[PDB]
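Student: What follows is the file structure_12.cif, containing mmCIF, C-alpha atoms (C1' of nucleotides) and all ligand atoms:
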```cif
data_target
loop_
_atom_site.label_atom_id
_atom_site.label_comp_id
_atom_site.auth_asym_id
_atom_site.auth_seq_id
_atom_site.Cartn_x
_atom_site.Cartn_y
_atom_site.Cartn_z
CA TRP O 137 125.38 107.55 89.69
CA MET O 138 123.04 109.13 92.28
CA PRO O 139 121.55 112.54 91.37
CA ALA O 140 121.69 115.32 93.93
CA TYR O 141 117.95 116.22 94.14
CA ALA O 142 115.37 113.79 95.46
CA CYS O 143 112.97 114.56 92.59
CA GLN O 144 115.52 113.13 90.12
CA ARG O 145 115.40 109.58 91.43
CA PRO O 146 112.74 107.07 92.41
CA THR O 147 112.27 106.61 96.14
CA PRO O 148 110.03 103.66 97.11
CA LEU O 149 108.12 103.47 100.34
CA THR O 150 110.08 100.47 101.59
CA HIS O 151 113.77 100.02 100.94
CA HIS O 152 117.08 98.43 101.92
CA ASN O 153 118.53 100.89 104.41
CA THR O 154 115.74 101.40 106.92
CA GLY O 155 117.87 101.50 110.10
CA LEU O 156 120.41 103.90 108.66
CA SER O 157 117.77 106.26 107.32
CA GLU O 158 115.87 106.25 110.60
CA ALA O 159 118.97 107.29 112.53
CA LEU O 160 119.75 110.16 110.20
CA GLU O 161 116.11 111.28 110.46
CA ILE O 162 116.44 111.47 114.28
CA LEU O 163 119.27 113.93 113.81
CA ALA O 164 117.23 115.85 111.22
CA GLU O 165 114.29 116.11 113.59
CA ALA O 166 116.50 117.25 116.45
CA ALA O 167 118.03 119.94 114.22
CA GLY O 168 114.53 121.22 113.48
CA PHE O 169 113.74 121.42 117.16
CA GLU O 170 116.75 123.71 117.53
CA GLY O 171 115.78 125.90 114.58
CA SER O 172 118.59 124.63 112.32
CA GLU O 173 116.71 124.18 109.07
CA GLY O 174 119.88 123.77 107.02
CA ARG O 175 121.15 120.86 109.12
CA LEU O 176 117.64 119.37 109.09
CA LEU O 177 117.66 119.48 105.28
CA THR O 178 121.08 117.88 104.95
CA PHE O 179 120.26 114.99 107.28
CA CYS O 180 116.88 114.50 105.59
CA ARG O 181 118.53 114.52 102.16
CA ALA O 182 121.22 112.05 103.30
CA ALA O 183 118.54 109.75 104.70
CA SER O 184 116.59 109.96 101.45
CA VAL O 185 119.68 109.06 99.37
CA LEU O 186 119.84 105.81 101.36
CA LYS O 187 116.16 105.13 100.67
CA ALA O 188 116.89 105.39 96.94
CA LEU O 189 119.75 102.88 96.90
CA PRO O 190 119.17 99.46 95.29
CA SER O 191 120.67 97.39 98.14
CA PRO O 192 121.97 97.71 101.71
CA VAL O 193 124.99 99.77 102.61
CA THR O 194 127.36 97.28 104.27
CA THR O 195 130.69 99.14 104.14
CA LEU O 196 131.69 102.75 104.55
CA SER O 197 133.28 102.62 101.08
CA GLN O 198 129.80 102.56 99.58
CA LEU O 199 129.11 106.13 100.66
CA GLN O 200 131.95 107.54 98.55
CA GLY O 201 130.56 109.93 96.01
CA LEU O 202 126.99 109.81 97.33
CA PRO O 203 125.47 113.28 97.52
CA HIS O 204 124.81 114.77 100.97
CA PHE O 205 127.26 112.46 102.77
CA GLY O 206 130.08 114.37 104.36
CA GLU O 207 132.01 113.92 107.57
CA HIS O 208 129.06 113.98 109.95
CA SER O 209 126.51 111.79 108.16
CA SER O 210 129.28 109.37 107.18
CA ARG O 211 130.37 109.04 110.81
CA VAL O 212 126.80 108.25 111.83
CA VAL O 213 126.62 105.47 109.26
CA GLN O 214 130.11 104.20 110.17
CA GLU O 215 129.14 103.84 113.82
CA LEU O 216 125.93 102.02 112.95
CA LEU O 217 127.82 99.64 110.63
CA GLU O 218 130.51 98.93 113.21
CA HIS O 219 128.55 98.87 116.49
CA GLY O 220 124.85 98.76 115.60
CA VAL O 221 124.23 102.09 117.35
CA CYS O 222 125.41 105.68 116.99
CA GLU O 223 126.19 107.37 120.29
CA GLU O 224 125.06 110.82 119.13
CA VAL O 225 121.72 109.43 117.95
CA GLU O 226 121.14 107.58 121.22
CA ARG O 227 122.03 110.66 123.26
CA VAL O 228 119.45 112.61 121.29
CA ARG O 229 116.83 109.89 121.73
CA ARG O 230 117.17 109.83 125.52
CA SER O 231 117.41 113.61 125.94
CA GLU O 232 114.71 115.47 127.84
CA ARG O 233 114.82 118.22 125.23
CA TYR O 234 114.23 115.89 122.29
CA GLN O 235 111.50 113.84 123.98
CA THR O 236 109.57 116.89 125.18
CA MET O 237 109.89 118.83 121.96
CA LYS O 238 108.70 115.77 120.05
CA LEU O 239 105.74 115.29 122.39
CA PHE O 240 104.69 118.95 122.29
CA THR O 241 105.13 119.45 118.53
CA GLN O 242 102.97 116.34 117.95
CA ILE O 243 100.03 118.32 119.33
CA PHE O 244 97.82 119.79 116.62
CA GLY O 245 98.18 123.58 117.01
CA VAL O 246 101.69 123.49 118.52
CA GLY O 247 104.79 124.12 116.44
CA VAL O 248 108.49 124.30 117.31
CA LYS O 249 108.33 127.89 118.52
CA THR O 250 105.44 127.27 120.92
CA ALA O 251 106.92 123.98 122.13
CA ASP O 252 110.29 125.63 122.74
CA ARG O 253 108.70 128.44 124.76
CA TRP O 254 106.83 125.92 126.91
CA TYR O 255 110.01 123.91 127.36
CA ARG O 256 111.88 127.02 128.51
CA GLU O 257 109.04 127.73 130.95
CA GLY O 258 109.67 124.35 132.53
CA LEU O 259 106.73 122.42 131.06
CA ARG O 260 107.38 118.77 130.23
CA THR O 261 104.16 116.69 129.97
CA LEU O 262 100.72 116.86 128.42
CA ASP O 263 99.21 117.03 131.91
CA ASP O 264 101.42 120.06 132.59
CA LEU O 265 99.68 121.76 129.66
CA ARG O 266 96.19 120.68 130.69
CA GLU O 267 96.66 122.29 134.11
CA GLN O 268 97.21 125.70 132.50
CA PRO O 269 94.51 125.97 129.80
CA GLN O 270 94.80 129.75 129.99
CA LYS O 271 97.92 129.38 127.87
CA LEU O 272 96.12 127.46 125.09
CA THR O 273 94.39 128.41 121.88
CA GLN O 274 91.12 126.77 120.91
CA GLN O 275 93.05 124.79 118.32
CA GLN O 276 95.58 123.59 120.89
CA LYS O 277 92.81 122.64 123.32
CA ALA O 278 91.30 120.43 120.60
CA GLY O 279 94.69 118.98 119.77
CA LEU O 280 95.33 118.18 123.45
CA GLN O 281 91.89 116.68 124.08
CA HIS O 282 92.19 114.47 120.97
CA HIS O 283 95.93 113.75 121.27
CA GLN O 284 95.58 110.08 122.21
CA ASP O 285 93.34 109.19 119.26
CA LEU O 286 95.44 111.31 116.91
CA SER O 287 98.56 109.39 117.99
CA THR O 288 97.14 106.13 116.68
CA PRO O 289 97.50 105.46 112.96
CA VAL O 290 94.69 105.54 110.47
CA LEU O 291 94.32 102.42 108.29
CA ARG O 292 93.60 102.40 104.52
CA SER O 293 90.28 100.66 105.34
CA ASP O 294 89.34 103.67 107.43
CA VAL O 295 90.27 105.95 104.52
CA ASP O 296 87.77 104.45 102.09
CA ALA O 297 84.86 104.79 104.52
CA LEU O 298 85.82 108.43 105.17
CA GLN O 299 86.09 109.16 101.47
CA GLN O 300 82.52 108.02 100.87
CA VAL O 301 81.16 110.36 103.60
CA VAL O 302 83.17 113.24 102.18
CA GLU O 303 81.89 112.44 98.68
CA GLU O 304 78.28 112.48 99.94
CA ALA O 305 78.68 115.95 101.40
CA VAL O 306 80.62 117.22 98.36
CA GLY O 307 77.95 115.94 95.95
CA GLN O 308 75.24 117.86 97.80
CA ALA O 309 77.42 120.96 98.02
CA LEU O 310 78.17 120.90 94.27
CA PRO O 311 76.96 118.09 92.01
CA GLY O 312 79.73 116.91 89.75
CA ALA O 313 82.54 117.83 92.13
CA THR O 314 85.12 115.13 92.71
CA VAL O 315 87.18 113.92 95.66
CA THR O 316 90.74 112.60 95.18
CA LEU O 317 92.78 110.88 97.93
CA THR O 318 96.18 112.55 98.23
CA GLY O 319 99.00 112.58 100.79
CA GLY O 320 100.76 109.49 102.00
CA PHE O 321 97.96 107.10 101.15
CA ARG O 322 98.26 108.06 97.49
CA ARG O 323 102.01 107.19 97.76
CA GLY O 324 101.05 103.69 98.87
CA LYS O 325 101.18 103.93 102.65
CA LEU O 326 99.07 101.34 104.41
CA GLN O 327 98.74 103.62 107.47
CA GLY O 328 98.98 107.30 108.23
CA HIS O 329 98.63 110.22 110.69
CA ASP O 330 95.83 111.87 108.78
CA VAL O 331 93.91 111.65 105.54
CA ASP O 332 94.19 114.26 102.77
CA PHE O 333 91.56 114.92 100.09
CA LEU O 334 91.63 117.23 97.08
CA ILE O 335 88.31 118.48 95.68
CA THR O 336 87.65 120.05 92.28
CA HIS O 337 84.93 120.34 89.63
CA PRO O 338 85.37 119.84 85.87
CA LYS O 339 83.87 123.26 85.02
CA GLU O 340 86.38 125.98 85.79
CA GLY O 341 85.00 128.40 88.33
CA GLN O 342 82.28 126.18 89.74
CA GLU O 343 84.49 125.29 92.71
CA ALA O 344 84.48 128.90 94.00
CA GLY O 345 82.92 128.99 97.45
CA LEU O 346 82.78 125.22 97.72
CA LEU O 347 84.70 124.45 100.89
CA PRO O 348 82.39 126.31 103.30
CA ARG O 349 79.43 124.46 101.79
CA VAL O 350 81.19 121.10 102.29
CA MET O 351 82.18 121.88 105.84
CA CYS O 352 78.69 123.03 106.81
CA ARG O 353 77.27 119.77 105.50
CA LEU O 354 79.80 117.58 107.31
CA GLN O 355 79.18 119.53 110.52
CA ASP O 356 75.42 119.06 110.15
CA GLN O 357 76.03 115.29 109.84
CA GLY O 358 77.77 115.37 113.25
CA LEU O 359 81.10 114.27 111.81
CA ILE O 360 83.26 117.27 112.65
CA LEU O 361 84.83 117.30 116.08
CA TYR O 362 86.93 120.37 115.26
CA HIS O 363 87.47 122.84 112.47
CA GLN O 364 88.56 126.46 112.22
CA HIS O 365 85.18 127.90 111.08
CA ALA O 384 86.05 132.30 102.09
CA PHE O 385 88.57 129.46 102.36
CA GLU O 386 90.20 126.66 100.33
CA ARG O 387 92.07 124.48 102.89
CA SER O 388 90.43 123.03 106.01
CA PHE O 389 92.40 121.22 108.73
CA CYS O 390 89.82 119.19 110.59
CA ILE O 391 89.32 116.52 113.23
CA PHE O 392 86.63 114.08 112.14
CA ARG O 393 84.66 111.33 113.94
CA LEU O 394 85.58 107.94 112.36
CA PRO O 395 83.43 104.87 113.20
CA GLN O 396 84.99 102.00 115.12
CA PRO O 397 83.42 98.78 116.43
CA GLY O 410 80.88 99.94 119.01
CA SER O 411 82.36 103.44 119.19
CA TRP O 412 84.50 105.88 117.17
CA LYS O 413 87.83 107.66 117.15
CA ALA O 414 89.08 111.10 116.23
CA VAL O 415 91.07 111.39 112.97
CA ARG O 416 92.84 114.32 111.31
CA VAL O 417 91.45 115.07 107.85
CA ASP O 418 92.63 117.80 105.48
CA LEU O 419 90.32 119.06 102.74
CA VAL O 420 91.59 121.22 99.89
CA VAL O 421 89.74 122.78 96.93
CA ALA O 422 91.41 123.72 93.67
CA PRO O 423 90.12 124.88 90.31
CA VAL O 424 90.52 122.23 87.65
CA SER O 425 93.14 124.38 85.84
CA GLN O 426 95.30 124.09 88.98
CA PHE O 427 94.38 120.51 89.90
CA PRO O 428 97.63 118.87 88.59
CA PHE O 429 99.74 121.30 90.63
CA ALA O 430 97.63 120.80 93.72
CA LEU O 431 97.64 117.02 93.29
CA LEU O 432 101.43 117.08 92.91
CA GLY O 433 101.90 119.28 95.93
CA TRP O 434 99.49 117.52 98.28
CA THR O 435 100.79 114.06 97.32
CA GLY O 436 104.24 114.83 98.74
CA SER O 437 106.37 113.60 100.28
CA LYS O 438 107.29 116.83 102.08
CA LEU O 439 110.96 116.41 101.21
CA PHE O 440 110.09 115.48 97.64
CA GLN O 441 108.10 118.68 97.16
CA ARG O 442 110.75 120.93 98.73
CA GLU O 443 113.35 119.30 96.48
CA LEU O 444 111.12 119.64 93.42
CA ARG O 445 110.51 123.36 94.07
CA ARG O 446 114.23 123.86 94.73
CA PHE O 447 115.09 122.05 91.48
CA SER O 448 112.52 124.05 89.53
CA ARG O 449 113.86 127.42 90.72
CA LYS O 450 117.61 126.75 90.90
CA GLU O 451 118.07 124.46 87.89
CA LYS O 452 115.27 125.60 85.57
CA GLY O 453 114.55 129.19 86.64
CA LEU O 454 110.85 128.40 87.12
CA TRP O 455 108.80 129.00 90.28
CA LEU O 456 106.59 126.10 91.47
CA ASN O 457 103.80 126.01 94.01
CA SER O 458 100.51 124.15 94.46
CA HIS O 459 98.75 126.56 92.14
CA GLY O 460 101.05 126.67 89.13
CA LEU O 461 104.49 126.92 87.54
CA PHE O 462 105.66 130.42 86.66
CA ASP O 463 108.26 131.56 84.17
CA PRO O 464 109.48 134.89 85.67
CA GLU O 465 111.21 136.03 82.51
CA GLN O 466 108.25 135.66 80.15
CA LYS O 467 105.82 136.32 83.03
CA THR O 468 103.66 133.35 82.06
CA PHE O 469 102.16 130.31 83.78
CA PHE O 470 102.51 126.80 82.37
CA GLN O 471 99.20 125.12 81.66
CA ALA O 472 99.23 121.56 82.84
CA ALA O 473 96.59 118.91 82.29
CA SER O 474 98.40 116.22 84.28
CA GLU O 475 101.25 115.60 86.67
CA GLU O 476 103.03 114.05 83.69
CA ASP O 477 102.92 117.49 82.02
CA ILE O 478 104.60 119.10 85.03
CA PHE O 479 107.48 116.61 85.10
CA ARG O 480 107.95 117.16 81.35
CA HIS O 481 108.00 120.92 81.71
CA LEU O 482 110.72 120.60 84.36
CA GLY O 483 112.78 118.17 82.28
CA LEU O 484 112.43 115.37 84.80
CA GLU O 485 111.56 111.73 84.27
CA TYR O 486 108.05 111.03 85.51
CA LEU O 487 107.76 109.45 88.95
CA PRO O 488 104.48 107.85 90.01
CA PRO O 489 103.31 108.73 93.56
CA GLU O 490 104.70 105.42 94.92
CA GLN O 491 108.19 106.61 93.90
CA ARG O 492 107.92 110.02 95.61
CA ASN O 493 108.63 108.70 99.14
CA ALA O 494 111.69 110.85 99.60
"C1'" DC Q 1 130.42 132.42 101.21
"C1'" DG Q 2 124.83 132.08 100.35
"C1'" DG Q 3 121.33 129.07 100.18
"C1'" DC Q 4 118.22 125.87 102.01
"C1'" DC Q 5 109.88 125.48 99.27
"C1'" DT Q 6 106.23 128.15 99.17
"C1'" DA Q 7 102.01 128.59 100.05
"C1'" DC Q 8 97.03 129.37 103.10
"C1'" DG Q 9 94.12 129.85 108.05
"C1'" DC J 1 101.71 132.12 115.26
"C1'" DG J 2 99.50 127.75 113.30
"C1'" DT J 3 98.67 124.35 109.14
"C1'" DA J 4 100.16 121.59 104.64
"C1'" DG J 5 102.91 118.37 101.62
"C1'" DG A 1 125.48 119.95 107.12
"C1'" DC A 2 126.39 119.95 102.91
"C1'" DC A 3 126.56 121.78 97.81
"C1'" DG A 4 127.93 124.65 94.23
CL CL D 501 121.25 124.91 110.31
MG MG D 502 98.71 113.01 105.29
MG MG D 503 97.39 116.19 106.12
NA NA D 504 101.96 120.33 115.97
#
```
In structure tokens, what does this structure look like?
Tutor:
Amino acid sequence: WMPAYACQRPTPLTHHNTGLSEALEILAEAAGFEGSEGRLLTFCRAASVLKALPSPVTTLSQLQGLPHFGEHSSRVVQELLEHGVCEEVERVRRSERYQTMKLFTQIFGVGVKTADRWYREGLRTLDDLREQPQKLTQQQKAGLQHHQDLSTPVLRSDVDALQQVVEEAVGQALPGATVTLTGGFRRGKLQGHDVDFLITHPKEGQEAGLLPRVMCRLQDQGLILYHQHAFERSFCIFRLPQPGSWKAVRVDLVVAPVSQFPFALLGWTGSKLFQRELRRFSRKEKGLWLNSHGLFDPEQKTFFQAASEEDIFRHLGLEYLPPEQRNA
DNA sequence: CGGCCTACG
DNA sequence: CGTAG
DNA sequence: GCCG
């Protein structure tokens, strides 16, 4: 009834089990903060199963046979159905460890390992970190200075204005190059944490060397508040206009050759869980190795040419899912 | 039990 | 180590 | 934590 991998079923952005999925995702996040990637995956997969259901779970019976629901995830759901809250989830939510790890890992330039080290050192607040800038990389300093703006969501209206400025710089860098909106906005989100763009050119090879030329032009326009600088991915903080002022926004820029564009579009459109599940499916069920550059057959030692995302789904034996149904 | 996505900066 | 989805 |  429900297939085991998230890439085998449609997952819409909005659904019928929001509260249940959110609670399981708290436990997934907390498992990640402890370095338990396997538990994180299970709770994420269980949450995503609920997103894919056609109606609300109202009774524990309805979990029977669903993939990724065993004793622990079922107990979480049971407690939410019976009491409206799950004690384990609420204990996580209130915990100093969870709240601090969440706050620190939200900083651009800080991952779980850094956050955990700071936690063990006794640090708890952003102002704790600011008082010890000797412990911070340039990237982390930028992430801390811009943290407040970066915590506020970007609107789709903002996205279109940003895309036109990126297109202007891209067109000067390489006439004929194109800019495609990817990430969560391509999946239909009305808001987001950042904006992701994929850049290519219809003539194979012309995109070589492009990203430095684009970044130099955006920096000369005064739009770049932070970037790391041959390269093909740039993780930036941009200046976005606002009434009478502006705000900082995270923008990711990625270049791919047109031969790789379908794979890069698929990868950068996400969701994160969808892509991990798709790569897992490819390797474990089909014996093929997937990344954002291509799809490799390791027995014939050949790469699959794709001209579209549709081609990639076909080559994996999966029903096509439009981006709006990849919200695993 | 092993496995859990797979890259680039 | 960070980043990405 | 769950699947195979
Ligand atoms: Cl684990
Ligand atoms: Mg994004
Ligand atoms: Mg991004
Ligand atoms: Na971070």
Student: Any chance you could tabulate, as JSON lines, the residues of chain O at most 12 Å from chain A with each one's nearest atom pair and distance in Å to one decimal, using only C-alpha atoms (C1' of nucleotides), in chain and rising number order?
Tutor:
```
{"residue": "O:140", "atom": "CA", "partner": "A:3", "partner_atom": "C1'", "distance": 9.0}
{"residue": "O:141", "atom": "CA", "partner": "A:3", "partner_atom": "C1'", "distance": 10.9}
{"residue": "O:160", "atom": "CA", "partner": "A:1", "partner_atom": "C1'", "distance": 11.8}
{"residue": "O:163", "atom": "CA", "partner": "A:1", "partner_atom": "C1'", "distance": 10.9}
{"residue": "O:164", "atom": "CA", "partner": "A:1", "partner_atom": "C1'", "distance": 10.1}
{"residue": "O:167", "atom": "CA", "partner": "A:1", "partner_atom": "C1'", "distance": 10.3}
{"residue": "O:172", "atom": "CA", "partner": "A:1", "partner_atom": "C1'", "distance": 9.8}
{"residue": "O:173", "atom": "CA", "partner": "A:1", "partner_atom": "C1'", "distance": 9.9}
{"residue": "O:174", "atom": "CA", "partner": "A:1", "partner_atom": "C1'", "distance": 6.8}
{"residue": "O:175", "atom": "CA", "partner": "A:1", "partner_atom": "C1'", "distance": 4.9}
{"residue": "O:176", "atom": "CA", "partner": "A:1", "partner_atom": "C1'", "distance": 8.1}
{"residue": "O:177", "atom": "CA", "partner": "A:1", "partner_atom": "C1'", "distance": 8.0}
{"residue": "O:178", "atom": "CA", "partner": "A:1", "partner_atom": "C1'", "distance": 5.3}
{"residue": "O:179", "atom": "CA", "partner": "A:1", "partner_atom": "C1'", "distance": 7.2}
{"residue": "O:180", "atom": "CA", "partner": "A:1", "partner_atom": "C1'", "distance": 10.3}
{"residue": "O:181", "atom": "CA", "partner": "A:2", "partner_atom": "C1'", "distance": 9.6}
{"residue": "O:182", "atom": "CA", "partner": "A:2", "partner_atom": "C1'", "distance": 9.4}
{"residue": "O:202", "atom": "CA", "partner": "A:2", "partner_atom": "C1'", "distance": 11.6}
{"residue": "O:203", "atom": "CA", "partner": "A:3", "partner_atom": "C1'", "distance": 8.6}
{"residue": "O:204", "atom": "CA", "partner": "A:2", "partner_atom": "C1'", "distance": 5.8}
{"residue": "O:205", "atom": "CA", "partner": "A:2", "partner_atom": "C1'", "distance": 7.5}
{"residue": "O:206", "atom": "CA", "partner": "A:2", "partner_atom": "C1'", "distance": 6.8}
{"residue": "O:207", "atom": "CA", "partner": "A:1", "partner_atom": "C1'", "distance": 8.9}
{"residue": "O:208", "atom": "CA", "partner": "A:1", "partner_atom": "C1'", "distance": 7.5}
{"residue": "O:209", "atom": "CA", "partner": "A:1", "partner_atom": "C1'", "distance": 8.3}
{"residue": "O:210", "atom": "CA", "partner": "A:1", "partner_atom": "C1'", "distance": 11.2}
{"residue": "O:450", "atom": "CA", "partner": "A:4", "partner_atom": "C1'", "distance": 11.0}
{"residue": "O:451", "atom": "CA", "partner": "A:4", "partner_atom": "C1'", "distance": 11.7}
```
Student: Of the residues O:243, O:482, O:317, O:298, which is the one nearest to ligand NA 504 (chain D), using only C-alpha atoms and all ligand atoms?
Tutor: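 Answer, going by the shortest atom-to-atom distance: O:243.
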Student: Measure the distance from CA of residue 389 in chain O to CA of residue 418 in chain O in Å and round it to one decimal.
Tutor: 4.7 Å
Student: Using only C-alpha atoms (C1' of nucleotides) and all ligand atoms, determine which residues fall within 6 Å of ligand NA 504 (chain D), then list them as number ranges by chain.
Tutor: O: 241-247
Student: Atoms to include: C-alpha atoms. Write the selected residues as a PDB file, in the frame of the given file.
Tutor:
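Listed below is the output, part-v1.pdb:
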```
ATOM      1  CA  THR O 241     105.130 119.450 118.530  1.00  0.00           C
ATOM      2  CA  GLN O 242     102.970 116.340 117.950  1.00  0.00           C
ATOM      3  CA  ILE O 243     100.030 118.320 119.330  1.00  0.00           C
ATOM      4  CA  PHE O 244      97.820 119.790 116.620  1.00  0.00           C
ATOM      5  CA  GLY O 245      98.180 123.580 117.010  1.00  0.00           C
ATOM      6  CA  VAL O 246     101.690 123.490 118.520  1.00  0.00           C
ATOM      7  CA  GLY O 247     104.790 124.120 116.440  1.00  0.00           C
TER       8      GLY O 247
END
```
Student: Using all atoms listed in the file, find the one residue out of O:466, O:426, O:491, O:364 that sits nearest to chain J.
Tutor: O:364
Student: Using only C-alpha atoms (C1' of nucleotides), which of O:281, O:316, O:275, O:231 sits nearest chain Q?
Tutor: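 Using only C-alpha atoms (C1' of nucleotides), chain Q sits closest to O:275.
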Student: Write out as a compact mmCIF listing (two decimals) with C-alpha atoms (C1' of nucleotides), keeping the file's coordinate frame the residues lying within 10 Å of residue 447 in chain O, counting all atoms listed in the file and excluding same-chain residues fewer than 5 positions away.
Tutor:
```txt
# COMPACT_ATOMS: atom_id res chain seq x y z
CA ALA O 140 121.69 115.32 93.93
CA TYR O 141 117.95 116.22 94.14
CA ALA O 142 115.37 113.79 95.46
CA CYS O 143 112.97 114.56 92.59
CA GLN O 144 115.52 113.13 90.12
CA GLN O 441 108.10 118.68 97.16
CA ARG O 442 110.75 120.93 98.73
CA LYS O 452 115.27 125.60 85.57
CA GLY O 453 114.55 129.19 86.64
CA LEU O 454 110.85 128.40 87.12
CA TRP O 455 108.80 129.00 90.28
CA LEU O 456 106.59 126.10 91.47
CA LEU O 482 110.72 120.60 84.36
CA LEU O 484 112.43 115.37 84.80
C1' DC Q 5 109.88 125.48 99.27
```
Student: Show me, as a PyMOL selection string, every residue of chain Q with an atom at most 7 Å from chain O, counting all atoms listed in the file.
Tutor: chain Q and resi 4-8
Student: Can you pull out every residue with an atom within 7 Å of ligand MG 502 (chain D)? Use only C-alpha atoms (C1' of nucleotides) and all ligand atoms and format it as an MDAnalysis selection string.
Tutor: chainID O and resid 319:320 328:332
Student: CA of residue 345 in chain O and CA of residue 460 in chain O, how far apart in Å?
Tutor: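 Between CA of residue 460 in chain O and CA of residue 345 in chain O the gap is 20.1 Å.
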Student: So what do you get for CA of residue 363 in chain O versus CA of residue 297 in chain O, distance-wise?
Tutor: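 According to the coordinates, CA of residue 363 in chain O and CA of residue 297 in chain O are separated by 19.9 Å.
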Student: Within 6 Å of (105.8, 113.7, 102.9), in the coordinates the file gives, what residues turn up when you count all atoms listed in the file, written out as a PyMOL selection string?
Tutor: (chain O and resi 436-438) or (chain J and resi 5)
Student: Set the distance at 10 Å and use only C-alpha atoms (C1' of nucleotides): which residues neighbour residue 336 in chain O once local chain neighbours fewer than 6 positions away are removed? I'd like the list as a list in words.
Tutor: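 Counting only C-alpha atoms (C1' of nucleotides), the residues come to residues 306, 310, 312, 313, 314, 315, 316, 342, 343, 344, 346, 420, 421, 422, 423, 424, 425, 426 and 427 of chain O.
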Student: Here is a test: counting only C-alpha atoms and all ligand atoms, which residue of O:487, O:494, O:166, O:326 is nearest to ligand CL 501 (chain D)?
Tutor: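 Checking each of O:487, O:494, O:166, O:326 against ligand CL 501 (chain D), counting only C-alpha atoms and all ligand atoms, the winner is O:166.
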Student: With only C-alpha atoms (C1' of nucleotides) as the atoms that count, which of O:323, O:283, O:337, O:480 lies nearest to chain J?
Tutor: O:323
Student: Name the residues in contact with residue 305 in chain O at a cut-off of 9 Å, using all atoms listed in the file, excluding same-chain residues fewer than 4 positions from it; report them as a list in words.
Tutor: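 Neighbouring residues, sequence-local ones excluded: residues 300, 301, 309, 310, 349, 350, 351, 352, 353, 354 and 357 of chain O.
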Student: Counting all atoms listed in the file, write as an MDAnalysis selection string all protein and nucleic acid residues lying at most 12 Å from (129.0, 101.5, 112.0) in the file's frame.
Tutor: chainID O and resid 155:156 159 193:197 209:223
